[PDB]
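The chain below stands alone and is given as structure tokens, in the form deposited without its partner chain.
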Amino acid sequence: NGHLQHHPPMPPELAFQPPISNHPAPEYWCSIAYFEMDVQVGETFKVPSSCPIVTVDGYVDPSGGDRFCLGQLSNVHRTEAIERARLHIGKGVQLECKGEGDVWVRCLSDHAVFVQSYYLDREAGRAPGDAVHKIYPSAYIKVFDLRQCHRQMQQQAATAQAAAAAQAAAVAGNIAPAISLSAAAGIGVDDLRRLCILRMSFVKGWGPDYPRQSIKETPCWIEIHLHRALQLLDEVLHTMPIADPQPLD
């Protein structure tokens, strides 16, 4: 039963709905970090908001800008296995930013790329993180929706702030001493941020059907942080009630 979702290639008025936020656009629309197993290789690559398309391939130009080459990168802990997989990255993939912050992926490599996206999990009726999406060579699909993300943010944020109030009353449960309770400032933070991050492995997938159980076990993957989505999540976090000390009495 499908943990591995296949995404083969399918050949082929934003003036009525305002921007999700009046907030000014970030200087970089995303930042990419390349990994080899559980070790990060190289520096984090920042893509300016002016460059709506960024390519990540196995070539060697270091010039940066709108192309992140992983071919010239060194790693003193690189194994023979990692060398083999680095052989097939080739043309790699393209990451394209549409609208205010939507992201599309185009696989230019001759080999498939495996992706982790909450958006693609929803579209598949799967639960968050309970699926690895395989994008086939030459395929071109949408992997992130800003609106979908924003709606999920507000939902999950509200949920957590309520569960905090729950635990707060579940223990105000004796009586009684002079004890004050307060909600941890930062609930669900590490859970909400995952909604603004994308991850993808080259050539090799992971999961049930595979010998690798997490992306951390794959030879070469990248983690993409979506800055616009992160600004919104920050905005959201700042619209919640301040953790005011509460006497349980």
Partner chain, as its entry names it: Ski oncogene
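Residues that one form lacks are left out of the comparison. Numbering follows the first chain given and starts at 1. Throughout, rigid core stands for the largest set of C-alpha atoms superposing within 1.5 Å between the two forms.
Absent from the display: the form deposited with its partner chain bound. The rest refers to it.
Not displayed here, its partner chain is approached by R126 to within 4.5 Å at the level of heavy atoms in the deposited complex.
A residue is said to contact a partner when one of its heavy atoms sits within 4.5 Å of a partner heavy atom; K134 meets this definition for its partner chain in the deposited complex. Within 4.5 Å of some heavy atom of its partner chain in the deposited complex lies at least one heavy atom of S138. When its partner chain is considered in the deposited complex, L120 lines it closely, a heavy atom lying within 4.5 Å. Residues of just one listed stretch (93-101, 144-152, 158-166, 106-114) have heavy atoms within 4.5 Å of its partner chain in the deposited complex: 106-114. The protein segment that moves between the shown form and the other one, counted as a run of at least three consecutive residues with every Cα displaced by 2 Å or more relative to the fitted core, is 164-167 alone.
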